[PDB]
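**Q** Have a look at this one before I ask anything.
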Amino acid sequence: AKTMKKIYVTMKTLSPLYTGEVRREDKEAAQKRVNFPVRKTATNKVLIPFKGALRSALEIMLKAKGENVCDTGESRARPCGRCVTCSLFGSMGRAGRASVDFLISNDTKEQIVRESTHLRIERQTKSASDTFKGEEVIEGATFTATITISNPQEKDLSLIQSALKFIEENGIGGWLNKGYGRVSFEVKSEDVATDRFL
Amino acid sequence: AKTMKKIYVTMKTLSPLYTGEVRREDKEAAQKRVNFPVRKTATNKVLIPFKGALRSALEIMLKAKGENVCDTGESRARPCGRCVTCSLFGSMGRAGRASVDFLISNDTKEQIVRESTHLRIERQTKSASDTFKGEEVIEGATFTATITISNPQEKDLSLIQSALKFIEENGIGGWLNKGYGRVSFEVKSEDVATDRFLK
Amino acid sequence: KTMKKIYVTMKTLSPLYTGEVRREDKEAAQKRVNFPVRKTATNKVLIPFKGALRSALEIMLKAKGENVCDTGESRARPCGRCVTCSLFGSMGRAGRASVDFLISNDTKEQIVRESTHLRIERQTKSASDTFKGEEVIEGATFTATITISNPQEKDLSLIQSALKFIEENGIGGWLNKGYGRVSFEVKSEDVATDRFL
Amino acid sequence: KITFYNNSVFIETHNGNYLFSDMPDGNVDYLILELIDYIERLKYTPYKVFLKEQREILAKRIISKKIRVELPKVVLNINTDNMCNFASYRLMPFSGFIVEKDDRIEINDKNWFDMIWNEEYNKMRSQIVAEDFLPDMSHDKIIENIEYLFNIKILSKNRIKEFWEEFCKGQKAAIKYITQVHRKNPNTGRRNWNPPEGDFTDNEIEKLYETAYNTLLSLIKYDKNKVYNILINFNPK
Amino acid sequence: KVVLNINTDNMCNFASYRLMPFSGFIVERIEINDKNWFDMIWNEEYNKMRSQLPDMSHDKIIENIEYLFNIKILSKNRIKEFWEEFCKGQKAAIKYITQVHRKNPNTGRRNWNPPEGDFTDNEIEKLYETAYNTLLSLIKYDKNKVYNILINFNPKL
Amino acid sequence: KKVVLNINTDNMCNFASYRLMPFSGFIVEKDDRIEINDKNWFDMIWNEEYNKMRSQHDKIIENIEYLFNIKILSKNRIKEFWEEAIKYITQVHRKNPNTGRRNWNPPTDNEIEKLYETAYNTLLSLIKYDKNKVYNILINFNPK
Amino acid sequence: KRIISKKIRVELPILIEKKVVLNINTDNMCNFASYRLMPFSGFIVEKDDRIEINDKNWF
RNA sequence: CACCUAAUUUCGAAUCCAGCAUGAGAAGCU
Ligand SMILES: [Zn+2]
Ligand SMILES: [Zn+2]
Ligand SMILES: [Zn+2]
């Protein structure tokens with residue numbers, strides 16, 4: 001309780017990045033022009049959900065290693081509260097130790113977001129049957145996040161870094177099967193006490 | 001589950017490669033110089049769509065073989081979810097187990113990207129009735145992609161390699177009729193663990 | 001389904017010239033030659049092949065009396081119904097016959113030379129102009145593969161007729177000066193589309 | 001490392017060697033101030049000195065001594081080059097725009113504002129449309145047609161949702177929506193409909209699109225209560 | 001005080017209120033005024049710091065753009081590109097329409113899309129001149145009127 | 001007509017001695033009183049017009065013991081049943097035809113569908129039983 | 001030895017920050033398209049180590 | 001065996017499309 005873990009995450013994109021707009025008003029404003037808008041702030045910066053990707057990475061890796069780890073991916077699945085990712089990310093009673101921030105971009109939508117054209121081509125006549133416009137975040141665009149772990153353990157940072165390299169291996173955001181969302185993460189950790197402000 | 005397949009493909013270009021630029025602002029910046037810009041990253045490297053080419057190759061061959069494969073090429077066609085390519089590349093209720101990366105060049109722009117001139121000639125007169133300028137990728141340029149098959153099966157690597165040979169036969173992207181995009185592939189695959197990062 | 005493979009092997013009878021098209025490969029070569037031959041980056045000679053087949057077939061099918069679109073006129077639109085529209089593509093469909101580039105079997109140091117052509121005054125018979133051009137030597141072998149996706153009974157015949165019209169007229173540039181007369185050999189076969197499985 | 005001399009602070013950091021003004025023996029990268037002799041007696045001539053108006057005249061001497069002299073959110077330029085040289089000052093006659101973000105302040109030209117004004121114009125125009133806020137069939141026939149196009153997934157829950165939103169905006173907006181959706185494309189040959197599921201040919205597919213058009217046209221003439229009771233059975237939200 | 005300095009036309013009737021979407025400048029005797037003020041003020045001060053049309057009827061405009069759209073002289077790429085140069089001003093639109101209409105002296109090929117049909121040479125050049133005069137006279141109109149004219153032909157302007 | 005700004009003038013810039021402000025508000029004619037109001041205004045009246053268009057027995061107890069023991073017939077279910085009920089119970093059992101997602105709680109798959117059916121049966125029967133009997137039945141299971 | 005005698009540092013194989021100074025009253029700012037822009041009238045003065053932006057009163 | 005030349009001109013545009021579909025729930029502490 002006397003110390004906290006600060007993990008500053010700087011992530012760059014090696015592949016174009018897409019995550020989908022969630023706000024209905026913003027999304028219905030955007031389909032007058034684009035079919036798949038990128039989730040952004042009201043300050044025009046790109047936002048990616050980050051706790052779900054790290055949690056899913058830890059669940060797949062920890063299930064495949066062999067630890068007794070619950071699965072919260074299934075429909076209305078309940079976290080057990082006994083595994084290490086229940087302690088690290090959240091349980092049904094106990095809150096999560098890692099307060100994982102969102103991936104806030106450094107640049108705004110005019111610099112990193114670019115609307116593009118995706119297709120759907122007939123296999124016999126080789127003609128573009130369908131066509132739709134989708135925004136994407138460019139490659140080399142950098143994003144910042146902060147993971148604050150209260151009541152830290154010795155192995156929390158190794159788990160977070162392993163989840164980050166798994167996100168490098170698979171991808172973050174949407175359209176991951178088509179090649180989107182491949183990223184590279186830089187980690188700056190540090191021990192703090194909670195009374196720096198005091 | 002416990003393991004996942006890693007398929008690193010290294011593809012070299014044998015006849016010039018065009019894949020069109022998708023970004024509307026990058027297009028509108030480049031149409032003052034080149035009428036057909038090549039697909040490019042912001043880090044000045046060439047992007048090629050890869051998942052659709054492998055998927056279309058597998059649907060074409062598995063339809064010609066007679067296997068139960070849906071087509072996802074017709075207009076707003078939806079995948080059934082019971083095919084063999086529906087497992088590899090996804091359906092409406094399930095994602096694809098084979099996450100297929102974009103083909104990214106090992107070199108950069110202004111080293112493999114070359115802007116060229118194309119023609120349209122009168123048949124009765126033999127004069128250049130039209131002219132345009134298109135941006136190509138040179139022959140011998142090397143592109144690197146990775147295919148991550150999450151739940152591996154016995155026939156996944158053979159299907160991926162067969163689709164790769166069909167992409168060698170047809171071309172990968174762009175003006176494939178004229179002879180563009182004829183490539184060749186080198187495959188290196190390994191069954192990695194899912195928990196390799198958990199040190 | 002089936003696919004039609006026409007492997008064409010081209011032997012060059014007179015000199016050949018297809019000009020370079022890349023801007024960075026011409027403007028870096030104007031200090032050495034005036035007409036560089038069209039090349040790969042692997043130092044092999046490239047010839048556009050689909051347009052020669054299409055131009056051949058449109059000339060002979062237009063003069064035979066069948067309805068074919070003329071894609072030779074500027075900003076022309078293919079009709080989508082004619083034979084060359086089905087074979088080489090149209091606006092709304094694609095070409096069944098994907099025609100590869102004519103890749104040379106040799107490099108440029110073997111089958112490309114650098115010639116000196118002139119222009120001579122008529123009254124006084126003096127060399128008024130001089131220019132230099134890269135030409136492909138005679139007997140250079142080129143190879144290409146025509147892949148027809150949905151084959152019919154009359155695609156190979158039309159491809160062979162277009163090839164014979166190409167040997168009669170010429171391929172590439174400088175056709176009226178005698179450049180580009182060629183000889184073609186065809187190896188046709190009918191593969192299955194599921195053959196790679 | 002901070003040494004002393006005759007009042008001199010000599011704070012050494014990892015970046016630079018400051019000297020706040022006997023003289024030291026090491027490199028004095030920044031010096032802060034007969035003194036010329038105090039400059040000339042000091043080894044490794046300083047990079048940039050940090051120097052009431054006599055200062056400026058002194059700075060001219062420091063300018064003549066071949067020594068740089070300074071007289072006491074990150075900002076980026078997205079500008080041009082142009083340039084000029086007037087009164088020993090390299091200039092640029094430019095008027096523009098100061099854009100304030102969370103970490104950066106950038107200087108953009110009028111072209112970027114024209115980009116932003118085009119986007120804001122295209123945003124405003126697609127808000128107010130026309131007069132926001134017919135065939136005929138029987139009610140039961142409307143039921144079995146909507147059930148049949150629901151089973152074959154021509155009329156889907158999303159199409160019913162946008163139909164209800166365009167019906168709440170009025171009659172003419174919904175008429176515009178169905179004439180846009182059933183618009184056969186002359187250069188493409190497709191309409192904005194979900195294709196039906198099942199082994200069908202082109203004639204019955206075109207006929208089913210026509211009955212979808214006629215069913216959604218005849219449902220518009222009914223009141224809002226009947227349309228709501230017709231579409232809750234298929235789209236509960 | 002308020003001086004609106006804009007045309008109060010293009011007034012649609014959302015709900016029971018005759019609204020009219022607008023984007024302009026409030027300038028202080030407060031005076032709301034449009035983008036033409038910002039063009040005038042920008043040219044004025046940008047040059048002060050540098051110191052060291054045909055008129056054809058609206059119905060005929062709509063009918064001629066419809067006719068040239070059916071025969072594919074005016075297309076969705078042309079109506080979008082001309083709209084982009086119209087947003088850039090009334091002087092970039094003149095340059096773009098002149099560049100498209102011009103006959104290159106060596107080739108003789110105008111940059112218009114050729115008509116679809118069986119039109120002869122003089123009819124083709126007459127329709128090219130009709131496209132030139134129609135898109136030239138369309139510039140003389142304001143941005144909102146130009147938008148309502150071309151929004152029917154290209155729904156994604 | 002007299003024209004009134006509803007827009008906020010308390011954000012301005014000074015260019016060429018002109019106190020200017022880029023704005024994107026809508027001009028409204030209103031019965032010889034014109035106004036120029038913001039985007040929020042149109043958001044509010046679009047909402048107002050949308051809302052105006054929107055103005056139009058032992059075995060049973062043992063089954064509840066089993067179902068609440070594996071928490072498919074949980075506390076909020078017992079509450080919302082009390083809050084109710086035939087249309088509710090129809091709306092919380094109907095399988096989605098696209099995903100097969102019944103709105104119950106997770107507890108083999110055949111046993112899961114039998115348990116789901118068991119719930120629908122028990123829920124429907126308890127509504128058959130009169131009030132108070134069920135009310136008392138339901139209190140020691142979820143006291144609220 | 002002879003440039004050390006010229007009192008200049010010699011290597012035998014510090015931070016300089018070229019900063020952009022605004023020098024403009026940015027308190028008068030407006031919001032148009034979720035952008036805090038200000039219409040600007042000045043001069044890009046390019047002296048050494050400092051590309052200061054200077055207004056018209058500086059001119 | 002020499003010697004001169006190795007340049008120059010036109011075009012570098014046009015078009016189609018930008019749609020669908022799915023899911024809006026449930027738990028514990030309280
Ligand atoms: Zn758990
Ligand atoms: Zn399928
Ligand atoms: Zn044709």
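A note on labels: chains of the structure tokens are A, B, ... as shown, every chain counts residues from 1, and ligands are counted from 1 in their shown order.
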List as a ChimeraX atom specification the protein and nucleic acid residues near residue 5 in chain D, meaning an atom at most 12 Å away when only C-alpha atoms (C1' of nucleotides) are counted, but skip any in the same chain fewer than 5 places from it.

**A** /D:10-11,19-25

**Q** Convert the current residue selection to file output with N, CA and C atoms, as a CSV table (one decimal), in the first residue's frame.

**A**
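Saved the output as part-v1.csv:
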```
chain,number,residue,atom,x,y,z
D,10,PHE,N,30.2,28.2,-10.7
D,10,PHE,CA,30.7,27.3,-11.7
D,10,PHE,C,30.0,26.0,-11.8
D,11,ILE,N,28.7,26.0,-11.8
D,11,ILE,CA,27.9,24.8,-11.8
D,11,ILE,C,28.1,23.9,-13.0
D,19,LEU,N,28.7,29.3,-16.0
D,19,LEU,CA,29.6,30.1,-15.2
D,19,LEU,C,28.9,31.4,-14.9
D,20,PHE,N,28.5,31.6,-13.7
D,20,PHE,CA,27.8,32.8,-13.2
D,20,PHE,C,28.9,33.8,-12.7
D,21,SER,N,29.2,34.9,-13.4
D,21,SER,CA,30.2,35.8,-12.9
D,21,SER,C,29.5,37.0,-12.2
D,22,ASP,N,39.5,36.1,-10.7
D,22,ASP,CA,39.9,34.7,-10.8
D,22,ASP,C,39.0,34.0,-11.8
D,23,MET,N,39.5,33.1,-12.6
D,23,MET,CA,38.8,32.4,-13.6
D,23,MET,C,39.1,30.9,-13.5
D,24,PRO,N,38.2,30.0,-13.9
D,24,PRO,CA,38.5,28.6,-13.8
D,24,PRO,C,39.4,28.1,-14.9
D,25,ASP,N,39.6,26.7,-14.9
D,25,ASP,CA,40.5,26.1,-15.9
D,25,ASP,C,39.8,25.2,-16.9
```

**Q** Write out as a PDB file with N, CA and C atoms (P, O5', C5', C4', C3', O3' and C1' of nucleotides), in the first residue's frame the residues lying within 8 Å of range 127-132 of chain C, counting only C-alpha atoms (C1' of nucleotides) and excluding same-chain residues fewer than 4 positions away.

**A**
```
ATOM      1  N   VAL C  33      22.117   7.402 -73.165  1.00  0.00           N
ATOM      2  CA  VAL C  33      21.365   6.945 -74.324  1.00  0.00           C
ATOM      3  C   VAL C  33      20.114   7.807 -74.439  1.00  0.00           C
ATOM      4  N   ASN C  34      19.532   7.841 -75.634  1.00  0.00           N
ATOM      5  CA  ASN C  34      18.338   8.648 -75.843  1.00  0.00           C
ATOM      6  C   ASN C  34      17.055   7.837 -75.782  1.00  0.00           C
ATOM      7  N   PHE C  35      17.104   6.559 -76.153  1.00  0.00           N
ATOM      8  CA  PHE C  35      15.945   5.670 -76.104  1.00  0.00           C
ATOM      9  C   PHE C  35      16.332   4.400 -75.362  1.00  0.00           C
ATOM     10  N   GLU C 114      23.468  -1.043 -77.695  1.00  0.00           N
ATOM     11  CA  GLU C 114      23.284   0.402 -77.723  1.00  0.00           C
ATOM     12  C   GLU C 114      23.694   0.904 -79.102  1.00  0.00           C
ATOM     13  N   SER C 115      22.705   1.186 -79.946  1.00  0.00           N
ATOM     14  CA  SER C 115      22.906   1.520 -81.346  1.00  0.00           C
ATOM     15  C   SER C 115      22.879   3.024 -81.563  1.00  0.00           C
ATOM     16  N   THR C 116      23.382   3.431 -82.725  1.00  0.00           N
ATOM     17  CA  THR C 116      23.479   4.831 -83.122  1.00  0.00           C
ATOM     18  C   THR C 116      22.695   5.008 -84.417  1.00  0.00           C
ATOM     19  N   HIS C 117      21.549   5.671 -84.341  1.00  0.00           N
ATOM     20  CA  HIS C 117      20.761   5.951 -85.530  1.00  0.00           C
ATOM     21  C   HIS C 117      20.900   7.416 -85.922  1.00  0.00           C
ATOM     22  N   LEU C 118      20.618   7.690 -87.191  1.00  0.00           N
ATOM     23  CA  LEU C 118      20.843   9.002 -87.776  1.00  0.00           C
ATOM     24  C   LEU C 118      19.563   9.537 -88.394  1.00  0.00           C
ATOM     25  N   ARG C 119      19.678  10.758 -88.906  1.00  0.00           N
ATOM     26  CA  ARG C 119      18.676  11.390 -89.751  1.00  0.00           C
ATOM     27  C   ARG C 119      19.434  12.207 -90.781  1.00  0.00           C
ATOM     28  N   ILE C 120      19.130  11.986 -92.058  1.00  0.00           N
ATOM     29  CA  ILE C 120      19.978  12.392 -93.173  1.00  0.00           C
ATOM     30  C   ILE C 120      19.210  13.366 -94.054  1.00  0.00           C
ATOM     31  N   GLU C 121      19.836  14.504 -94.377  1.00  0.00           N
ATOM     32  CA  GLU C 121      19.227  15.481 -95.274  1.00  0.00           C
ATOM     33  C   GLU C 121      19.085  14.913 -96.681  1.00  0.00           C
TER      34      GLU C 121
ATOM     35  P     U H   5      31.353  16.668 -82.461  1.00  0.00           P
ATOM     36  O5'   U H   5      29.888  16.083 -82.672  1.00  0.00           O
ATOM     37  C5'   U H   5      28.835  16.919 -83.125  1.00  0.00           C
ATOM     38  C4'   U H   5      27.654  16.121 -83.599  1.00  0.00           C
ATOM     39  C3'   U H   5      27.017  15.224 -82.556  1.00  0.00           C
ATOM     40  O3'   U H   5      26.083  15.927 -81.760  1.00  0.00           O
ATOM     41  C1'   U H   5      27.370  14.001 -84.551  1.00  0.00           C
ATOM     42  P     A H   6      26.424  16.291 -80.236  1.00  0.00           P
ATOM     43  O5'   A H   6      25.504  15.295 -79.409  1.00  0.00           O
ATOM     44  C5'   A H   6      24.136  15.140 -79.750  1.00  0.00           C
ATOM     45  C4'   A H   6      23.753  13.687 -79.855  1.00  0.00           C
ATOM     46  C3'   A H   6      23.964  12.847 -78.609  1.00  0.00           C
ATOM     47  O3'   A H   6      22.904  12.978 -77.681  1.00  0.00           O
ATOM     48  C1'   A H   6      24.784  11.693 -80.510  1.00  0.00           C
ATOM     49  P     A H   7      23.066  13.904 -76.379  1.00  0.00           P
ATOM     50  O5'   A H   7      22.557  15.333 -76.862  1.00  0.00           O
ATOM     51  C5'   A H   7      21.172  15.635 -76.894  1.00  0.00           C
ATOM     52  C4'   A H   7      20.781  16.354 -78.159  1.00  0.00           C
ATOM     53  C3'   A H   7      19.350  16.861 -78.201  1.00  0.00           C
ATOM     54  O3'   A H   7      19.179  18.096 -77.532  1.00  0.00           O
ATOM     55  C1'   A H   7      19.800  15.683 -80.185  1.00  0.00           C
TER      56        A H   7
END
```

**Q** Show me which bits of chain B are within 10 Å of chain D, counting only C-alpha atoms, as a list in words.

**A**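 Taken together, these residues fit the definition: residues 74, 75, 76, 77 and 78 of chain B.
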
**Q** Could you list, as a count of residues only, all residues that come within 10 Å of ligand 2? Count only C-alpha atoms (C1' of nucleotides) and all ligand atoms.

**A** 21

**Q** How would you write, as number ranges by chain, the set of residues in range 7-110 of chain F that DSSP gives as helix (DSSP H, G or I)?

**A** F: 39-53, 58-69, 75-82, 86-93, 109-110

**Q** Please provide the set of residues having any atom within 7 Å of range 25-37 of chain G, restricted to only C-alpha atoms (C1' of nucleotides), with same-chain residues fewer than 3 positions apart removed, written as a PyMOL selection string.

**A** (chain A and resi 43) or (chain D and resi 97-100+120) or (chain F and resi 11-13+21-23)

**Q** Keeping only N, CA and C atoms, write the selected residues as an mmCIF file, in the first residue's frame.

**A**
```
data_model
loop_
_atom_site.group_PDB
_atom_site.id
_atom_site.type_symbol
_atom_site.label_atom_id
_atom_site.label_comp_id
_atom_site.auth_asym_id
_atom_site.auth_seq_id
_atom_site.Cartn_x
_atom_site.Cartn_y
_atom_site.Cartn_z
ATOM 1 N N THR A 43 -11.561 15.910 -28.190
ATOM 2 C CA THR A 43 -10.380 16.696 -28.506
ATOM 3 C C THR A 43 -9.622 16.142 -29.710
ATOM 4 N N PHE D 97 -2.611 31.339 -38.467
ATOM 5 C CA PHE D 97 -3.545 30.749 -37.517
ATOM 6 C C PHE D 97 -2.779 30.032 -36.415
ATOM 7 N N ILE D 98 -3.088 30.368 -35.167
ATOM 8 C CA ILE D 98 -2.438 29.787 -33.997
ATOM 9 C C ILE D 98 -3.384 28.749 -33.408
ATOM 10 N N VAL D 99 -3.053 27.468 -33.562
ATOM 11 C CA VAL D 99 -3.919 26.372 -33.142
ATOM 12 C C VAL D 99 -3.364 25.778 -31.857
ATOM 13 N N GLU D 100 -4.223 25.680 -30.841
ATOM 14 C CA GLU D 100 -3.833 25.361 -29.472
ATOM 15 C C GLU D 100 -4.342 23.966 -29.131
ATOM 16 N N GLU D 120 -16.500 21.698 -42.116
ATOM 17 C CA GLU D 120 -17.593 22.205 -41.293
ATOM 18 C C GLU D 120 -18.817 22.541 -42.139
ATOM 19 N N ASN F 11 -16.089 34.704 -26.465
ATOM 20 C CA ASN F 11 -14.888 34.068 -26.993
ATOM 21 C C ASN F 11 -14.598 34.739 -28.330
ATOM 22 N N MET F 12 -13.519 35.577 -28.307
ATOM 23 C CA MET F 12 -13.256 36.364 -29.492
ATOM 24 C C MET F 12 -11.814 36.519 -29.861
ATOM 25 N N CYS F 13 -11.586 37.010 -31.082
ATOM 26 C CA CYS F 13 -10.235 37.313 -31.534
ATOM 27 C C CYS F 13 -10.217 38.677 -32.205
ATOM 28 N N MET F 21 -15.050 36.312 -34.802
ATOM 29 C CA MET F 21 -15.210 34.964 -34.275
ATOM 30 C C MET F 21 -15.786 34.034 -35.341
ATOM 31 N N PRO F 22 -15.066 32.977 -35.721
ATOM 32 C CA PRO F 22 -15.685 31.898 -36.505
ATOM 33 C C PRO F 22 -16.797 31.211 -35.724
ATOM 34 N N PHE F 23 -17.949 31.054 -36.394
ATOM 35 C CA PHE F 23 -19.117 30.434 -35.760
ATOM 36 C C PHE F 23 -19.871 29.547 -36.723
#
```

**Q** With only C-alpha atoms as the basis for distance, which of C:112, C:85, C:158, C:146 is at the shortest distance from residue 170 in chain B?

**A**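 Using only C-alpha atoms, residue 170 in chain B sits closest to C:146.
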
**Q** Residues within 8 Å of ligand 1, counting only C-alpha atoms (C1' of nucleotides) and all ligand atoms: report them as a PyMOL selection string.

**A** chain A and resi 69-72+78-87+91

**Q** Set the cut-off to 9 Å, count only C-alpha atoms (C1' of nucleotides) and all ligand atoms, and list whatever residues fall near ligand 3 as a count of residues only.

**A** 18

**Q** Could I get the residues of chain F with an atom no further than 12 Å from an atom of chain B, each paired with its nearest atom pair and that distance in Å to one decimal, using only C-alpha atoms, sorted by chain and residue number, as a tab-separated table?

**A**
```
residue	atom	partner	partner_atom	distance
F:98	CA	B:93	CA	9.2
F:99	CA	B:93	CA	7.7
F:100	CA	B:93	CA	10.9
```

**Q** So which residues touch residue 66 in chain A within 10 Å, counting only C-alpha atoms (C1' of nucleotides), skipping near sequence neighbours fewer than 5 positions away, as a PyMOL selection string?

**A** (chain A and resi 61) or (chain B and resi 2+195)

**Q** Once you count only C-alpha atoms, which residues of chain C turn out to be within 9 Å of chain A? Could you give them as a list in words?

**A** residues 92, 93, 94, 95, 96, 149 and 150 of chain C

**Q** Per residue of chain A within 8 Å of chain F, which atom pair is closest and at what distance in Å (one decimal), using only C-alpha atoms, listed by chain and increasing number, as CSV?

**A**
```
residue,atom,partner,partner_atom,distance
A:75,CA,F:106,CA,7.8
A:76,CA,F:106,CA,6.8
A:77,CA,F:106,CA,7.2
```

**Q** Any idea which chain A residues end up within 12 Å of chain E if we count only C-alpha atoms, as a PyMOL selection string please?

**A** chain A and resi 31-34

**Q** Could you turn the residues from that selection into a file that holds C-alpha atoms, as an mmCIF file, in the first residue's frame?

**A**
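Writing done, so here's result19.cif:
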```cif
data_model
loop_
_atom_site.group_PDB
_atom_site.id
_atom_site.type_symbol
_atom_site.label_atom_id
_atom_site.label_comp_id
_atom_site.auth_asym_id
_atom_site.auth_seq_id
_atom_site.Cartn_x
_atom_site.Cartn_y
_atom_site.Cartn_z
ATOM 1 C CA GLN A 31 -21.715 7.848 -41.735
ATOM 2 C CA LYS A 32 -22.916 10.819 -43.799
ATOM 3 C CA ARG A 33 -19.321 10.574 -45.096
ATOM 4 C CA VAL A 34 -17.488 7.438 -43.891
#
```

**Q** Given only C-alpha atoms as the basis, pick out the residue of E:88, E:109, E:145, E:78 nearest to chain C.

**A**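 Closest to chain C, using only C-alpha atoms: E:109.
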
**Q** Do you have the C1' of residue 3 in chain H-CA of residue 125 in chain C distance handy?

**A** 17.6 Å

**Q** For chain G, work out the contacting residues on chain D at 6 Å, counting only C-alpha atoms, and write them as a list in words.

**A**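 Those within range of chain G come out as residues 15, 16, 43, 44, 45, 75, 90, 91, 92, 93, 94, 95, 96, 97, 98, 99 and 100 of chain D.
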
**Q** Mind writing the picked residues with N, CA and C atoms as a PDB file, in the first residue's frame?

**A**
```pdb
ATOM      1  N   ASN D  15      24.695  18.503 -18.855  1.00  0.00           N
ATOM      2  CA  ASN D  15      24.440  19.272 -20.069  1.00  0.00           C
ATOM      3  C   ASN D  15      24.968  20.688 -19.856  1.00  0.00           C
ATOM      4  N   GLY D  16      26.150  20.961 -20.392  1.00  0.00           N
ATOM      5  CA  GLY D  16      26.685  22.305 -20.390  1.00  0.00           C
ATOM      6  C   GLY D  16      27.477  22.626 -19.135  1.00  0.00           C
ATOM      7  N   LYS D  43      40.036  30.175 -20.961  1.00  0.00           N
ATOM      8  CA  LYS D  43      40.264  29.141 -21.965  1.00  0.00           C
ATOM      9  C   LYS D  43      38.937  28.563 -22.453  1.00  0.00           C
ATOM     10  N   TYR D  44      38.941  28.090 -23.708  1.00  0.00           N
ATOM     11  CA  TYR D  44      37.798  27.467 -24.395  1.00  0.00           C
ATOM     12  C   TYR D  44      36.608  28.427 -24.466  1.00  0.00           C
ATOM     13  N   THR D  45      36.801  29.489 -25.284  1.00  0.00           N
ATOM     14  CA  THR D  45      35.939  30.639 -25.581  1.00  0.00           C
ATOM     15  C   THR D  45      34.462  30.260 -25.624  1.00  0.00           C
ATOM     16  N   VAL D  75       5.915  24.820 -29.878  1.00  0.00           N
ATOM     17  CA  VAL D  75       5.293  25.508 -31.004  1.00  0.00           C
ATOM     18  C   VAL D  75       5.952  25.013 -32.288  1.00  0.00           C
ATOM     19  N   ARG D  90      16.137  38.278 -41.059  1.00  0.00           N
ATOM     20  CA  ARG D  90      15.563  37.377 -42.054  1.00  0.00           C
ATOM     21  C   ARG D  90      14.074  37.219 -41.762  1.00  0.00           C
ATOM     22  N   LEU D  91      13.272  37.718 -42.751  1.00  0.00           N
ATOM     23  CA  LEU D  91      11.848  37.741 -42.472  1.00  0.00           C
ATOM     24  C   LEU D  91      10.937  36.906 -43.318  1.00  0.00           C
ATOM     25  N   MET D  92       9.657  37.029 -43.022  1.00  0.00           N
ATOM     26  CA  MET D  92       8.614  36.307 -43.735  1.00  0.00           C
ATOM     27  C   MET D  92       7.282  37.032 -43.591  1.00  0.00           C
ATOM     28  N   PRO D  93       6.730  37.569 -44.679  1.00  0.00           N
ATOM     29  CA  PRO D  93       5.424  38.258 -44.633  1.00  0.00           C
ATOM     30  C   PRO D  93       4.235  37.302 -44.715  1.00  0.00           C
ATOM     31  N   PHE D  94       3.921  36.756 -43.536  1.00  0.00           N
ATOM     32  CA  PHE D  94       2.845  35.778 -43.463  1.00  0.00           C
ATOM     33  C   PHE D  94       1.809  36.000 -42.374  1.00  0.00           C
ATOM     34  N   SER D  95       0.537  35.881 -42.729  1.00  0.00           N
ATOM     35  CA  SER D  95      -0.553  35.943 -41.766  1.00  0.00           C
ATOM     36  C   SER D  95      -1.215  34.572 -41.689  1.00  0.00           C
ATOM     37  N   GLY D  96      -1.529  34.121 -40.475  1.00  0.00           N
ATOM     38  CA  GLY D  96      -2.010  32.759 -40.330  1.00  0.00           C
ATOM     39  C   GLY D  96      -2.925  32.428 -39.171  1.00  0.00           C
ATOM     40  N   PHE D  97      -2.611  31.339 -38.467  1.00  0.00           N
ATOM     41  CA  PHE D  97      -3.545  30.749 -37.517  1.00  0.00           C
ATOM     42  C   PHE D  97      -2.779  30.032 -36.415  1.00  0.00           C
ATOM     43  N   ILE D  98      -3.088  30.368 -35.167  1.00  0.00           N
ATOM     44  CA  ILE D  98      -2.438  29.787 -33.997  1.00  0.00           C
ATOM     45  C   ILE D  98      -3.384  28.749 -33.408  1.00  0.00           C
ATOM     46  N   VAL D  99      -3.053  27.468 -33.562  1.00  0.00           N
ATOM     47  CA  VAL D  99      -3.919  26.372 -33.142  1.00  0.00           C
ATOM     48  C   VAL D  99      -3.364  25.778 -31.857  1.00  0.00           C
ATOM     49  N   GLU D 100      -4.223  25.680 -30.841  1.00  0.00           N
ATOM     50  CA  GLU D 100      -3.833  25.361 -29.472  1.00  0.00           C
ATOM     51  C   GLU D 100      -4.342  23.966 -29.131  1.00  0.00           C
TER      52      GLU D 100
END
```
